[PDB]
There are 2 protein chains.
Amino acid sequence: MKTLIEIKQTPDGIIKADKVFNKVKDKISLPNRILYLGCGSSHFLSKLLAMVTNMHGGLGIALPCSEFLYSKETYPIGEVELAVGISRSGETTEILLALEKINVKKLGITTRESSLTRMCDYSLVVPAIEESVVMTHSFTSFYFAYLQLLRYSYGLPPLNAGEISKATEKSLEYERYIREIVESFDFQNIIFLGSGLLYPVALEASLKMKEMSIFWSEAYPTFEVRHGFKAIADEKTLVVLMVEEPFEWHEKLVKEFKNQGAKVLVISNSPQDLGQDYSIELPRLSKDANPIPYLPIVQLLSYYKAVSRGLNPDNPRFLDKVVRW
Amino acid sequence: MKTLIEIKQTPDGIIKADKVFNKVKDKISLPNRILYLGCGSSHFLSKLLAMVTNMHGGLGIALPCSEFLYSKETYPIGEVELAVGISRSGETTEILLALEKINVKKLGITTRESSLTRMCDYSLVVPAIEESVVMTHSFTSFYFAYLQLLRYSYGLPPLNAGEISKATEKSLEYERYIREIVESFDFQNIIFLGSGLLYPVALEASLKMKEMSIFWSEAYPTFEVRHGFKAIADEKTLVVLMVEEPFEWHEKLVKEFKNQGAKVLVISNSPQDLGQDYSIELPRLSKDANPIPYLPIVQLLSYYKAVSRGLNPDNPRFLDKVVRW
Ligand code: NA
């Protein structure tokens with residue numbers, strides 16, 4: 001349905017993102033200290049943007065919109081040179097309320113002209129239009145558009161959009177394999193693991209499982225899971241480890257989970273056999289862009305698990321396309 | 001069960017914490033920029049300490065040990081004037097490894113003389129001894145000891161330990177009520193909600209459920225839950241909303257969950273009826289100390305759910321008392 005069609009539009013989304021970046025790159029200059037605000041999937045995207053900002057020498061902080069609204073004093077926001085508001089629809093009430101209280105320069109990230117773009121000074125309107133209640137390629141597209149702008153603003157060379165777009169096409173080749181995983185192992189719960197830039201991807205992947213499949217899904221920074229959290233993983237659990245360059249600890253972690261009876265899917269940019277049950281190797285890209293090919297993989301996994309449960313990921317129970325108050 | 005005995009020692013834990021604080025207050029000066037490192041429950045305590053540091057005018061940042069070890073570049077650590085390593089046992093390999101890579105002053109927080117105290121410049125050794133694999137009153141005791149030191153260090157008046165200890169005695173009076181909730185409503189999953197300082201408490205509460213009851217538990221900043229996450233809440237779900245001063249949005253959120261069929265337990269410092277099925281009112285304290293009485297409530301809830309499932313919270317399956325590599 002719509003969710004699947006939209007996941008498959010990821011390659012074109014990258015191209016659309018590159019186009020928007022080039023249109024606004026000389027009109028907007030991203031500063032050193034940046035605050036990122038978003039809700040749900042957009043909060044996880046905010047965390048990813050904050051992380052890559054720090055990775056490139058800046059200082060980025062991300063907070064859920066409502067936490068900024070009602071409990072900002074408990075967060076290390078400090079002086080902000082730019083506030084970035086993220087909303088797929090550009091109509092999320094909380095982001096609009098948050099921006100009303102902000103006096104510094106404001107940059108919006110959304111898929112269309114909206115209430116959001118009207119209260120921001122500049123905006124990245126990436127037309128990765130989605131009919132599904134669940135965000136898929138818009139997340140990936142928003143990330144690339146901003147990443148290009150960030151590298152540019154920081155004096156780094158632009159990434160090759162064509163190469164990255166082709167990388168996501170490679171991700172999509174795994175569709176049948178992912179479908180087979182869902183068919184051959186009827187897991188009852190799942191855990192996503194990632195470190196650094198892949199941690200927010202793990203968080204997003206888990207949310208995709210919740211929304212699309214109404215499923216018991218969790219996400220943790222790779223090795224944090226050993227500290228108590230692993231207690232809920234057994235023979236009915238699928239553990240998804242996402243890692244660019246694994247080392248000995250990763251092999252031990254995989255073995256640890258298998259010893260509890262869980263099956264493990266490793267998604268990486270490495271040919272190494274860590275003892276996993278399922279393996280997905282993705283094209284290795286510039287460190288900052290490397291997480292991109294992982295998104296369509298976890299989105300497809302969530303989609304097919306949803307279908308296997310007879311659910312409609314396009315319109316999950318209890319969820320609204322836009323969260324308003 | 002050692003776990004229950006230890007939860008009930010919370011009041012005395014506060015007293016022991018105050019004693020440690022007064023012994024070291026003039027031997028340790030806490031700076032402005034502090035990094036908090038911990039694993040599992042100690043990571044959630046680190047988040048709580050980072051938040052209260054920000055609340056009092058300082059700059060606190062918390063990170064899981066492994067993320068600091070392998071992906072520090074993606075975090076806004078910046079300049080660090082003090083590194084606080086938290087470990088109940090003082091033997092967690094990751095904390096030892098993390099502190100060894102740090103050259104600035106180091107403060108350890110633990111229950112006993114250990115590898116940790118031996119590699120720190122000084123430590124807060126709070127004797128809230130626990131034999132259960134699951135951390136309970138030590139979390140609360142560690143928090144109070146450090147909070148006193150922070151207030152003192154920042155020129156604020158000391159909190160009244162006797163008053164705070166008594167407040168936790170009040171929490172314990174809810175044991176029967178909590179037990180009866182567990183015996184009457186056989187929930188299959190649970191969601192903890194909290195904002196500001198209560199968010200880390202929600203994370204810790206969820207971990208207690210995972211470890212003690214091998215249960216499906218989730219935690220989110222109060223209003224973030226509406227953004228997709230709420231999809232997994234229905235008639236088999238118990239939603240635990242923790243809030244000091246509720247307002248209109250809280251009533252709407254409670255009703256929203258009840259409309260999905262879920263039952264709601266509100267733990268607050270307010271007598272306001274938000275439409276909850278179960279209610280637990282706690283003594284309101286200084287803003288920074290206010291979260292303390294909430295801990296024994298969620299620990300008792302997790303303990304009784306574990307017992308109702310024939311599980312042993314003292315020694316959960318798969319878990320080691322101390323995580324090593
Ligand atoms: Na520990």
# chains A, B, ... in the order shown; residues from 1 in each chain; ligands from 1

call {"tool": "closest_atom_pairs", "arguments": {"of": "chain A", "to": "chain B", "cutoff": "8 Å", "atoms": "only C-alpha atoms", "output": "JSON lines"}}
result
{"residue": "A:39", "atom": "CA", "partner": "B:224", "partner_atom": "CA", "distance": 6.5}
{"residue": "A:40", "atom": "CA", "partner": "B:227", "partner_atom": "CA", "distance": 4.9}
{"residue": "A:41", "atom": "CA", "partner": "B:227", "partner_atom": "CA", "distance": 7.9}
{"residue": "A:50", "atom": "CA", "partner": "B:74", "partner_atom": "CA", "distance": 7.9}
{"residue": "A:51", "atom": "CA", "partner": "B:74", "partner_atom": "CA", "distance": 4.5}
{"residue": "A:52", "atom": "CA", "partner": "B:74", "partner_atom": "CA", "distance": 6.2}
{"residue": "A:53", "atom": "CA", "partner": "B:74", "partner_atom": "CA", "distance": 7.7}
{"residue": "A:54", "atom": "CA", "partner": "B:74", "partner_atom": "CA", "distance": 5.2}
{"residue": "A:55", "atom": "CA", "partner": "B:74", "partner_atom": "CA", "distance": 4.9}
{"residue": "A:59", "atom": "CA", "partner": "B:76", "partner_atom": "CA", "distance": 5.9}
{"residue": "A:60", "atom": "CA", "partner": "B:76", "partner_atom": "CA", "distance": 6.6}
{"residue": "A:61", "atom": "CA", "partner": "B:76", "partner_atom": "CA", "distance": 7.3}
{"residue": "A:64", "atom": "CA", "partner": "B:224", "partner_atom": "CA", "distance": 6.8}
{"residue": "A:65", "atom": "CA", "partner": "B:224", "partner_atom": "CA", "distance": 7.9}
{"residue": "A:66", "atom": "CA", "partner": "B:223", "partner_atom": "CA", "distance": 6.2}
{"residue": "A:67", "atom": "CA", "partner": "B:195", "partner_atom": "CA", "distance": 6.7}
{"residue": "A:70", "atom": "CA", "partner": "B:195", "partner_atom": "CA", "distance": 8.0}
{"residue": "A:71", "atom": "CA", "partner": "B:196", "partner_atom": "CA", "distance": 5.2}
{"residue": "A:72", "atom": "CA", "partner": "B:196", "partner_atom": "CA", "distance": 7.8}
{"residue": "A:73", "atom": "CA", "partner": "B:55", "partner_atom": "CA", "distance": 5.2}
{"residue": "A:74", "atom": "CA", "partner": "B:51", "partner_atom": "CA", "distance": 4.5}
{"residue": "A:75", "atom": "CA", "partner": "B:51", "partner_atom": "CA", "distance": 6.0}
{"residue": "A:76", "atom": "CA", "partner": "B:54", "partner_atom": "CA", "distance": 6.0}
{"residue": "A:195", "atom": "CA", "partner": "B:67", "partner_atom": "CA", "distance": 6.7}
{"residue": "A:196", "atom": "CA", "partner": "B:71", "partner_atom": "CA", "distance": 5.2}
{"residue": "A:197", "atom": "CA", "partner": "B:74", "partner_atom": "CA", "distance": 7.2}
{"residue": "A:207", "atom": "CA", "partner": "B:229", "partner_atom": "CA", "distance": 6.8}
{"residue": "A:210", "atom": "CA", "partner": "B:229", "partner_atom": "CA", "distance": 6.4}
{"residue": "A:211", "atom": "CA", "partner": "B:228", "partner_atom": "CA", "distance": 5.8}
{"residue": "A:214", "atom": "CA", "partner": "B:232", "partner_atom": "CA", "distance": 5.2}
{"residue": "A:215", "atom": "CA", "partner": "B:232", "partner_atom": "CA", "distance": 6.8}
{"residue": "A:216", "atom": "CA", "partner": "B:216", "partner_atom": "CA", "distance": 7.0}
{"residue": "A:221", "atom": "CA", "partner": "B:67", "partner_atom": "CA", "distance": 7.0}
{"residue": "A:222", "atom": "CA", "partner": "B:66", "partner_atom": "CA", "distance": 8.0}
{"residue": "A:223", "atom": "CA", "partner": "B:66", "partner_atom": "CA", "distance": 6.1}
{"residue": "A:224", "atom": "CA", "partner": "B:39", "partner_atom": "CA", "distance": 6.5}
{"residue": "A:225", "atom": "CA", "partner": "B:40", "partner_atom": "CA", "distance": 7.9}
{"residue": "A:226", "atom": "CA", "partner": "B:323", "partner_atom": "CA", "distance": 7.3}
{"residue": "A:227", "atom": "CA", "partner": "B:40", "partner_atom": "CA", "distance": 4.9}
{"residue": "A:228", "atom": "CA", "partner": "B:211", "partner_atom": "CA", "distance": 5.8}
{"residue": "A:229", "atom": "CA", "partner": "B:210", "partner_atom": "CA", "distance": 6.5}
{"residue": "A:230", "atom": "CA", "partner": "B:318", "partner_atom": "CA", "distance": 7.7}
{"residue": "A:231", "atom": "CA", "partner": "B:318", "partner_atom": "CA", "distance": 5.9}
{"residue": "A:232", "atom": "CA", "partner": "B:214", "partner_atom": "CA", "distance": 5.3}
{"residue": "A:260", "atom": "CA", "partner": "B:318", "partner_atom": "CA", "distance": 7.3}
{"residue": "A:316", "atom": "CA", "partner": "B:231", "partner_atom": "CA", "distance": 7.3}
{"residue": "A:317", "atom": "CA", "partner": "B:231", "partner_atom": "CA", "distance": 6.4}
{"residue": "A:318", "atom": "CA", "partner": "B:231", "partner_atom": "CA", "distance": 5.9}
{"residue": "A:319", "atom": "CA", "partner": "B:228", "partner_atom": "CA", "distance": 6.3}
{"residue": "A:323", "atom": "CA", "partner": "B:227", "partner_atom": "CA", "distance": 6.6}

call {"tool": "write_last_selection", "arguments": {"atoms": "N, CA and C atoms", "output": "short mmCIF file (atom, residue, chain, number, x, y, z; two decimals), in the first residue's frame"}}
result
data_model
loop_
_atom_site.label_atom_id
_atom_site.label_comp_id
_atom_site.auth_asym_id
_atom_site.auth_seq_id
_atom_site.Cartn_x
_atom_site.Cartn_y
_atom_site.Cartn_z
N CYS A 39 8.93 16.16 17.15
CA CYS A 39 8.11 15.22 17.90
C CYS A 39 8.07 13.87 17.19
N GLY A 40 8.02 12.79 17.97
CA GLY A 40 7.98 11.46 17.38
C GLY A 40 9.17 11.20 16.48
N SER A 41 8.90 10.74 15.26
CA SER A 41 9.97 10.46 14.30
C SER A 41 10.82 11.69 14.06
N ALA A 50 21.41 16.58 15.52
CA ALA A 50 22.21 17.12 16.60
C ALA A 50 23.54 16.36 16.66
N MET A 51 23.47 15.03 16.54
CA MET A 51 24.68 14.22 16.58
C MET A 51 25.65 14.53 15.44
N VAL A 52 25.12 14.66 14.23
CA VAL A 52 25.99 14.93 13.10
C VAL A 52 26.56 16.35 13.17
N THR A 53 25.85 17.24 13.85
CA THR A 53 26.33 18.61 14.02
C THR A 53 27.56 18.57 14.94
N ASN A 54 27.47 17.76 15.99
CA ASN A 54 28.59 17.62 16.92
C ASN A 54 29.75 16.92 16.21
N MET A 55 29.42 15.93 15.38
CA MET A 55 30.43 15.18 14.65
C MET A 55 31.26 16.10 13.76
N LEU A 59 27.89 22.40 17.76
CA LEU A 59 27.32 22.03 19.04
C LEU A 59 25.82 21.91 18.83
N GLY A 60 25.33 20.68 18.76
CA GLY A 60 23.91 20.48 18.55
C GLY A 60 23.22 19.81 19.72
N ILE A 61 22.02 20.28 20.03
CA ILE A 61 21.22 19.71 21.11
C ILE A 61 19.82 19.46 20.57
N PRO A 64 12.59 16.90 22.80
CA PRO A 64 11.23 16.68 22.30
C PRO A 64 10.55 18.04 22.48
N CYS A 65 9.70 18.43 21.54
CA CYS A 65 9.04 19.73 21.64
C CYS A 65 8.39 20.03 22.99
N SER A 66 7.61 19.09 23.51
CA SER A 66 6.93 19.32 24.78
C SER A 66 7.88 19.49 25.96
N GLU A 67 9.08 18.92 25.87
CA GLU A 67 10.04 19.07 26.96
C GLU A 67 10.61 20.48 26.92
N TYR A 70 7.60 22.75 28.39
CA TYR A 70 7.31 22.71 29.82
C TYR A 70 8.44 22.40 30.80
N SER A 71 9.60 21.97 30.32
CA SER A 71 10.70 21.65 31.23
C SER A 71 12.06 22.02 30.66
N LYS A 72 12.15 23.15 29.98
CA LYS A 72 13.41 23.54 29.37
C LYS A 72 14.57 23.73 30.35
N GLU A 73 14.28 24.11 31.59
CA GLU A 73 15.33 24.34 32.57
C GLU A 73 16.17 23.12 32.93
N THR A 74 15.67 21.92 32.63
CA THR A 74 16.41 20.70 32.95
C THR A 74 17.33 20.28 31.80
N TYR A 75 17.35 21.07 30.73
CA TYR A 75 18.18 20.75 29.57
C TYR A 75 19.27 21.79 29.32
N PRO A 76 20.44 21.34 28.83
CA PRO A 76 21.59 22.19 28.54
C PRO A 76 21.49 22.91 27.19
N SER A 195 24.92 2.46 17.52
CA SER A 195 25.76 3.38 18.28
C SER A 195 26.03 4.63 17.46
N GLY A 196 26.25 5.76 18.13
CA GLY A 196 26.50 6.99 17.40
C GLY A 196 25.31 7.35 16.52
N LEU A 197 25.58 7.69 15.26
CA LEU A 197 24.51 8.07 14.35
C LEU A 197 23.48 6.96 14.15
N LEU A 207 10.25 2.79 16.49
CA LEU A 207 8.98 3.50 16.36
C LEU A 207 8.22 2.98 15.13
N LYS A 210 6.37 0.00 16.20
CA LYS A 210 5.23 0.33 17.04
C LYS A 210 4.04 0.82 16.22
N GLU A 211 4.30 1.79 15.34
CA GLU A 211 3.24 2.37 14.52
C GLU A 211 2.68 1.42 13.47
N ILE A 214 2.06 -2.23 15.63
CA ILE A 214 1.52 -2.27 17.01
C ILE A 214 2.27 -3.32 17.81
N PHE A 215 3.62 -3.28 17.67
CA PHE A 215 4.47 -4.37 18.12
C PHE A 215 5.31 -3.97 19.33
N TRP A 216 5.80 -4.99 20.03
CA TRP A 216 6.67 -4.80 21.19
C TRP A 216 8.08 -4.65 20.62
N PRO A 221 21.45 1.99 22.80
CA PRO A 221 22.78 2.25 22.24
C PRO A 221 23.35 0.83 22.34
N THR A 222 23.97 0.36 21.27
CA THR A 222 24.50 -1.00 21.20
C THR A 222 24.81 -1.77 22.48
N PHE A 223 25.88 -1.39 23.18
CA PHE A 223 26.27 -2.13 24.37
C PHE A 223 25.53 -1.84 25.68
N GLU A 224 24.65 -0.85 25.67
CA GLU A 224 23.88 -0.52 26.87
C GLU A 224 22.90 -1.64 27.17
N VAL A 225 22.48 -2.34 26.12
CA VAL A 225 21.50 -3.40 26.26
C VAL A 225 21.87 -4.52 27.24
N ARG A 226 23.16 -4.74 27.46
CA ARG A 226 23.58 -5.78 28.39
C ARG A 226 23.21 -5.47 29.83
N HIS A 227 23.05 -4.19 30.13
CA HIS A 227 22.74 -3.76 31.49
C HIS A 227 21.28 -3.85 31.89
N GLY A 228 20.79 -5.08 32.03
CA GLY A 228 19.41 -5.31 32.43
C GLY A 228 18.41 -5.48 31.31
N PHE A 229 18.48 -4.61 30.31
CA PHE A 229 17.54 -4.65 29.19
C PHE A 229 17.46 -5.99 28.46
N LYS A 230 18.59 -6.67 28.33
CA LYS A 230 18.62 -7.95 27.62
C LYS A 230 17.74 -9.03 28.25
N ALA A 231 17.26 -8.78 29.47
CA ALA A 231 16.43 -9.76 30.15
C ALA A 231 15.17 -10.14 29.37
N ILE A 232 14.67 -9.23 28.53
CA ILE A 232 13.46 -9.53 27.78
C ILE A 232 13.67 -10.18 26.42
N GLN A 260 20.75 -16.82 24.69
CA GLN A 260 19.47 -16.64 25.37
C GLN A 260 18.35 -17.19 24.50
N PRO A 316 -2.61 3.13 11.09
CA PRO A 316 -2.56 2.35 12.33
C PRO A 316 -3.69 2.78 13.26
N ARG A 317 -4.12 1.88 14.13
CA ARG A 317 -5.17 2.20 15.08
C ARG A 317 -4.74 3.36 15.98
N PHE A 318 -5.70 4.19 16.37
CA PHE A 318 -5.49 5.32 17.27
C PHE A 318 -4.60 6.47 16.83
N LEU A 319 -3.94 6.35 15.68
CA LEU A 319 -3.03 7.42 15.26
C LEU A 319 -3.60 8.42 14.26
N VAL A 323 -0.47 15.32 14.75
CA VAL A 323 -0.83 15.43 16.15
C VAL A 323 -1.10 16.89 16.50
#

call {"tool": "closest_atom_pairs", "arguments": {"of": "chain B", "to": "ligand 1", "cutoff": "6 Å", "atoms": "only C-alpha atoms and all ligand atoms", "output": "JSON lines"}}
result
{"residue": "B:87", "atom": "CA", "partner": "ligand 1", "partner_atom_place_in_ligand_line": "1 (Na)", "distance": 3.6}
{"residue": "B:88", "atom": "CA", "partner": "ligand 1", "partner_atom_place_in_ligand_line": "1 (Na)", "distance": 4.5}
{"residue": "B:89", "atom": "CA", "partner": "ligand 1", "partner_atom_place_in_ligand_line": "1 (Na)", "distance": 5.3}
{"residue": "B:92", "atom": "CA", "partner": "ligand 1", "partner_atom_place_in_ligand_line": "1 (Na)", "distance": 5.2}

call {"tool": "write_last_selection", "arguments": {"atoms": "N, CA, C and O atoms", "output": "mmCIF file, in the first residue's frame"}}
result
data_model
loop_
_atom_site.group_PDB
_atom_site.id
_atom_site.type_symbol
_atom_site.label_atom_id
_atom_site.label_comp_id
_atom_site.auth_asym_id
_atom_site.auth_seq_id
_atom_site.Cartn_x
_atom_site.Cartn_y
_atom_site.Cartn_z
ATOM 1 N N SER B 87 28.374 3.640 39.573
ATOM 2 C CA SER B 87 28.262 2.182 39.529
ATOM 3 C C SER B 87 27.950 1.657 40.928
ATOM 4 O O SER B 87 28.733 1.844 41.859
ATOM 5 N N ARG B 88 26.810 0.993 41.083
ATOM 6 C CA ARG B 88 26.441 0.479 42.394
ATOM 7 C C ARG B 88 27.528 -0.404 42.999
ATOM 8 O O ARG B 88 27.866 -0.272 44.175
ATOM 9 N N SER B 89 28.074 -1.302 42.189
ATOM 10 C CA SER B 89 29.114 -2.220 42.643
ATOM 11 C C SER B 89 30.502 -1.600 42.617
ATOM 12 O O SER B 89 31.376 -1.982 43.403
ATOM 13 N N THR B 92 31.724 -2.315 37.461
ATOM 14 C CA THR B 92 31.282 -2.389 36.066
ATOM 15 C C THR B 92 32.445 -2.055 35.135
ATOM 16 O O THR B 92 32.945 -0.932 35.132
#

call {"tool": "residues_around", "arguments": {"residues": "region 141-143 of chain B", "least_positions_apart": "2", "cutoff": "8 Å", "atoms": "only C-alpha atoms", "output": "ChimeraX atom specification"}}
result
/B:10,13-14,16-17,45,49,109-110,126,128,137-139,145-147

call {"tool": "select_by_dssp", "arguments": {"residues": "region 110-273 of chain B", "states": "strand (DSSP E)", "output": "ChimeraX atom specification"}}
result
/B:110,122-125,189-194,217-221,237-243,263-268

call {"tool": "decode", "arguments": {"residues": "region 137-225 of chain B", "atoms": "C-alpha atoms", "output": "PDB file, in the first residue's frame"}}
result
ATOM      1  CA  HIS B 137      17.014   2.209  47.146  1.00  0.00           C
ATOM      2  CA  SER B 138      20.633   2.777  46.092  1.00  0.00           C
ATOM      3  CA  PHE B 139      19.373   4.815  43.125  1.00  0.00           C
ATOM      4  CA  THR B 140      17.427   7.118  45.439  1.00  0.00           C
ATOM      5  CA  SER B 141      20.240   7.250  48.012  1.00  0.00           C
ATOM      6  CA  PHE B 142      22.910   8.043  45.418  1.00  0.00           C
ATOM      7  CA  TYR B 143      20.719  10.821  44.046  1.00  0.00           C
ATOM      8  CA  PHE B 144      20.147  12.488  47.407  1.00  0.00           C
ATOM      9  CA  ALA B 145      23.810  12.347  48.435  1.00  0.00           C
ATOM     10  CA  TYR B 146      24.944  14.015  45.224  1.00  0.00           C
ATOM     11  CA  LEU B 147      22.061  16.497  45.219  1.00  0.00           C
ATOM     12  CA  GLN B 148      23.102  17.749  48.665  1.00  0.00           C
ATOM     13  CA  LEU B 149      26.704  18.129  47.490  1.00  0.00           C
ATOM     14  CA  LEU B 150      25.541  19.966  44.365  1.00  0.00           C
ATOM     15  CA  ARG B 151      23.353  22.401  46.308  1.00  0.00           C
ATOM     16  CA  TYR B 152      26.158  23.035  48.802  1.00  0.00           C
ATOM     17  CA  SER B 153      28.681  23.458  45.989  1.00  0.00           C
ATOM     18  CA  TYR B 154      26.417  25.956  44.233  1.00  0.00           C
ATOM     19  CA  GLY B 155      25.751  28.063  47.328  1.00  0.00           C
ATOM     20  CA  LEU B 156      22.225  26.839  48.034  1.00  0.00           C
ATOM     21  CA  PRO B 157      20.839  25.866  51.456  1.00  0.00           C
ATOM     22  CA  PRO B 158      20.818  22.149  52.359  1.00  0.00           C
ATOM     23  CA  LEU B 159      17.671  20.045  52.028  1.00  0.00           C
ATOM     24  CA  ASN B 160      16.047  18.607  55.152  1.00  0.00           C
ATOM     25  CA  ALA B 161      16.983  14.913  55.026  1.00  0.00           C
ATOM     26  CA  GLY B 162      14.534  13.998  57.768  1.00  0.00           C
ATOM     27  CA  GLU B 163      11.674  15.550  55.812  1.00  0.00           C
ATOM     28  CA  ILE B 164      12.645  13.809  52.584  1.00  0.00           C
ATOM     29  CA  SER B 165      13.148  10.499  54.395  1.00  0.00           C
ATOM     30  CA  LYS B 166       9.667  10.830  55.916  1.00  0.00           C
ATOM     31  CA  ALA B 167       8.234  11.555  52.476  1.00  0.00           C
ATOM     32  CA  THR B 168       9.527   8.183  51.288  1.00  0.00           C
ATOM     33  CA  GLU B 169       7.904   6.546  54.320  1.00  0.00           C
ATOM     34  CA  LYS B 170       4.668   8.019  52.980  1.00  0.00           C
ATOM     35  CA  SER B 171       5.354   6.402  49.602  1.00  0.00           C
ATOM     36  CA  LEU B 172       5.742   3.041  51.319  1.00  0.00           C
ATOM     37  CA  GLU B 173       2.295   3.367  52.916  1.00  0.00           C
ATOM     38  CA  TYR B 174       0.957   2.736  49.401  1.00  0.00           C
ATOM     39  CA  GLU B 175       2.288  -0.835  49.356  1.00  0.00           C
ATOM     40  CA  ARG B 176      -1.132  -2.421  49.886  1.00  0.00           C
ATOM     41  CA  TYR B 177      -2.800  -0.183  47.294  1.00  0.00           C
ATOM     42  CA  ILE B 178      -0.104  -1.037  44.744  1.00  0.00           C
ATOM     43  CA  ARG B 179      -0.316  -4.751  45.501  1.00  0.00           C
ATOM     44  CA  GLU B 180      -4.080  -4.646  45.007  1.00  0.00           C
ATOM     45  CA  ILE B 181      -3.755  -2.878  41.641  1.00  0.00           C
ATOM     46  CA  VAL B 182      -1.473  -5.685  40.482  1.00  0.00           C
ATOM     47  CA  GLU B 183      -3.893  -8.306  41.800  1.00  0.00           C
ATOM     48  CA  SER B 184      -6.970  -6.737  40.183  1.00  0.00           C
ATOM     49  CA  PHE B 185      -5.804  -5.525  36.767  1.00  0.00           C
ATOM     50  CA  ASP B 186      -3.675  -8.092  34.946  1.00  0.00           C
ATOM     51  CA  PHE B 187      -2.024  -5.679  32.513  1.00  0.00           C
ATOM     52  CA  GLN B 188       0.096  -7.225  29.738  1.00  0.00           C
ATOM     53  CA  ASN B 189       2.199  -4.148  29.007  1.00  0.00           C
ATOM     54  CA  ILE B 190       2.856  -0.807  30.668  1.00  0.00           C
ATOM     55  CA  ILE B 191       3.955   2.731  29.820  1.00  0.00           C
ATOM     56  CA  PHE B 192       5.575   5.151  32.270  1.00  0.00           C
ATOM     57  CA  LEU B 193       5.292   8.878  31.551  1.00  0.00           C
ATOM     58  CA  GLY B 194       7.116  11.806  33.106  1.00  0.00           C
ATOM     59  CA  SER B 195       8.569  15.215  32.222  1.00  0.00           C
ATOM     60  CA  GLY B 196      11.681  17.045  33.367  1.00  0.00           C
ATOM     61  CA  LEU B 197      13.233  15.322  36.376  1.00  0.00           C
ATOM     62  CA  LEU B 198      10.430  12.751  36.263  1.00  0.00           C
ATOM     63  CA  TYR B 199      11.444  11.569  32.794  1.00  0.00           C
ATOM     64  CA  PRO B 200      14.586   9.769  34.044  1.00  0.00           C
ATOM     65  CA  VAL B 201      12.372   8.352  36.792  1.00  0.00           C
ATOM     66  CA  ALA B 202      10.062   6.972  34.100  1.00  0.00           C
ATOM     67  CA  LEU B 203      13.047   5.377  32.347  1.00  0.00           C
ATOM     68  CA  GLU B 204      14.231   3.799  35.599  1.00  0.00           C
ATOM     69  CA  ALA B 205      10.687   2.639  36.408  1.00  0.00           C
ATOM     70  CA  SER B 206      10.465   0.934  33.028  1.00  0.00           C
ATOM     71  CA  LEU B 207      13.818  -0.799  33.575  1.00  0.00           C
ATOM     72  CA  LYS B 208      12.622  -2.073  36.959  1.00  0.00           C
ATOM     73  CA  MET B 209       9.677  -3.703  35.167  1.00  0.00           C
ATOM     74  CA  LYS B 210      11.955  -5.241  32.535  1.00  0.00           C
ATOM     75  CA  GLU B 211      14.414  -6.685  35.049  1.00  0.00           C
ATOM     76  CA  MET B 212      12.016  -7.694  37.815  1.00  0.00           C
ATOM     77  CA  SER B 213       9.135  -8.910  35.670  1.00  0.00           C
ATOM     78  CA  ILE B 214      10.718  -9.679  32.274  1.00  0.00           C
ATOM     79  CA  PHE B 215       7.902  -7.382  31.150  1.00  0.00           C
ATOM     80  CA  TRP B 216       6.917  -5.254  28.158  1.00  0.00           C
ATOM     81  CA  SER B 217       7.456  -1.763  29.562  1.00  0.00           C
ATOM     82  CA  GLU B 218       8.112   1.574  27.886  1.00  0.00           C
ATOM     83  CA  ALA B 219       8.866   5.116  29.062  1.00  0.00           C
ATOM     84  CA  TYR B 220       8.505   8.518  27.399  1.00  0.00           C
ATOM     85  CA  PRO B 221       8.561  12.226  28.173  1.00  0.00           C
ATOM     86  CA  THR B 222       4.875  12.796  29.047  1.00  0.00           C
ATOM     87  CA  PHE B 223       3.410  14.333  25.888  1.00  0.00           C
ATOM     88  CA  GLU B 224       5.826  12.721  23.429  1.00  0.00           C
ATOM     89  CA  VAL B 225       3.808   9.526  23.780  1.00  0.00           C
TER      90      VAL B 225
END
